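Peer 1: Sequence plus experimental coordinates follow:
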Amino acid sequence: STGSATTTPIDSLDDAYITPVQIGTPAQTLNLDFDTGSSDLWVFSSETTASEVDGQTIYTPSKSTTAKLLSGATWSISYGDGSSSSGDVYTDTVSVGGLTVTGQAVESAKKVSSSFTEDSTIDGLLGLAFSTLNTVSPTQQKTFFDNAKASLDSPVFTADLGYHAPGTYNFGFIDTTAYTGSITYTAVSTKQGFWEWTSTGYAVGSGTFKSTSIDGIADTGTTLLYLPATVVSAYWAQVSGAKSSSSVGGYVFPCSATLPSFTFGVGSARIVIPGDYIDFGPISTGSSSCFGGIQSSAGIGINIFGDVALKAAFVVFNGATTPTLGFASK
Ligand SMILES: NCc1ccc(C(F)(F)F)cc1
């Protein structure tokens, strides 16, 4: 079987993408953030403390005939940006774009951090990293992808994120009409539980391609592109008036500047990120300083190929016994 669901940016800057997901019987539809950088499916629920809920749609397990409390199970997760959430665990039926999994662990948030509360468009997260990162104790739980794997025609899902436009998450098949040319596959390391791979180099604008190995993760749940300091300095040096700002927390540039493209390597292939994708608009309303979409990973400890990079490509997450990542121009 297969599934296909439209994903939509939550705002005008593509800060995140939400995808409708059906949970329970009868269906309760929540808009979840599909995150290949984590492995927990957690949702706002009727159990979330009332003051930490501001406009989100909430999962009510008491209204679902298929919901079962997973007795004794708890979860606690903390994301690389400082966000956190925790609660108890139910099992229920979960459907994405026609693809249905029964008995999926649905982690009910009893407490959520302030950043989730103030984001009324995101009802929860659907983790798509490897199940070894799942935070349910004492019995670790499988992701939606892992539970669906056997029934999928092919053990793959694809991310086709749009630039200021809706996109598509497909499960079980590769849409050969969604990309141009060939798909270039590259090996994945699952040692840290991420979709971790090695880029073969980069280029700035129309400059020479620098062959160098960049280890990083493919993370749909991260907005920006986080690369080593040497690469990020070489990019922003080509933008008149750009500078790293300690008060803002990254590179900013005059909103009047035009940005060069950024090319990253996938084996022998090249993926070009148009310069417009790197503009994240004024740092504050009315400001003439704009925030850059390529930032340093030095403070993070791992390089992150976030939405800025992934939306420039058709990306195949191949969850075969030997996992691989496929990249294609589109
Ligand atoms: N989007 C999930 C996510 C967030 C942060 C990290 C970090 F910071 F640990 F790299 C990995 C994955």
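Peer 2: In hand now; what should we look at? Numbering: from 1, shown residues only.
Peer 1: what does the stretch 151-300 of the chain have sitting close to the ligand?
Peer 2: 219, 221-222, 300 (Cβ under 6 Å from any ligand atom). The way it works is simple: take the backbone N, C-alpha and C, and place the C-beta from them, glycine included.
Peer 1: how about 5 Å then?
Peer 2: Contact residues (Cβ under 5 Å from any ligand atom) of the stretch 151-300 of the chain with the ligand: 219, 221-222.
Peer 1: What remains of those residues if I keep only buried residues?
Peer 2: For those, a burial check counting by 16 or more other Cβ atoms under 10 Å picks out 219, 221-222.
Peer 1: Can you tell me which of those residues is nearest the ligand?
Peer 2: Taking Cβ to the nearest ligand atom as the measure, residue 221 is the one of these closest to the ligand, at 3.0 Å.
Peer 1: picking that back up, a markdown table please, covering the buried ones among the residues of the stretch 151-300 of the chain next to the ligand and showing distance to residue 96 and secondary structure.
Peer 2: Formatted as a markdown table, those follow (distance: Cβ to Cβ, whole Å; DSSP: H, G, I helix; E, B strand; the rest coil):
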| residue | distance to residue 96 | secondary structure |
| --- | --- | --- |
| 219 | 19 | coil |
| 221 | 16 | coil |
| 222 | 21 | coil |
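Peer 1: between the residues you listed, which is closest to residue 138?
Peer 2: Ranked by distance to residue 138 (Cβ to Cβ), those are led by residue 221 at 25.8 Å.
Peer 1: Quick check: that closest one touching residue 40?
Peer 2: No. Between residue 221 and residue 40 there is no contact under Cβ atoms under 8 Å: 11.1 Å.
Peer 1: Now do the shared contacts for these two.
Peer 2: residue 125 (Cβ atoms under 8 Å, 6 or more residues apart in numbering).
Peer 1: tell me the contacts of the closest residue to residue 210 other than its chain neighbours?
Peer 2: Leaving out its chain neighbours, the residue that sits closest to residue 210 by Cβ to Cβ, 6 or more residues apart in numbering is residue 201, at 5.2 Å. Taking Cβ under 8 Å, 6+ apart, we find residue 201 in contact with 209-214, 264-265.
Peer 1: and the residue in the chain positioned nearest to the ligand, backbone torsions?
Peer 2: For the chain and the ligand, the shortest gap (Cβ to the nearest ligand atom) falls at residue 80, measuring 2.0 Å. Backbone torsions of residue 80, given as degrees, to the nearest 10, read phi -60, psi -20.
Peer 1: and if you look at residue 239?
Peer 2: Here residue 239 shows phi and psi, under degrees, to the nearest 10, equal to phi -110, psi 120.
Peer 1: So it is in contact with residue 260, correct?
Peer 2: Yes. Using Cβ under 8 Å, residue 239 is in contact with residue 260, at 7.2 Å.
Peer 1: buried sites along stretch 207-224?
Peer 2: Using 16+ other Cβ under 10 Å as the test for burial, stretch 207-224 gives 210, 214, 216-224.
Peer 1: Please state the offset of it from the chain centre?
Peer 2: Put simply, stretch 207-224 sits 14 Å off its chain's centre (Cα atoms, centre = their mean, to the nearest Å).
Peer 1: can I have stretch 149-160 written out in CSV, keeping just the CAs?
Peer 2: Below are the C-alpha coordinates for stretch 149-160, written out as CSV (Å, rounded to 0.1, in the frame of the first residue of the first chain):
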residue,chain,number,x,y,z
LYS,A,149,7.2,-0.4,6.5
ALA,A,150,6.0,-3.9,5.9
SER,A,151,2.8,-2.9,4.2
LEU,A,152,4.4,-0.3,2.0
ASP,A,153,5.0,-1.3,-1.6
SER,A,154,8.5,0.0,-1.2
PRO,A,155,10.1,0.9,2.2
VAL,A,156,10.6,4.5,1.2
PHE,A,157,9.1,8.0,1.8
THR,A,158,9.9,11.1,-0.2
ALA,A,159,9.9,14.8,0.8
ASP,A,160,9.0,17.3,-1.9
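Peer 1: Perfect, I'm done here.
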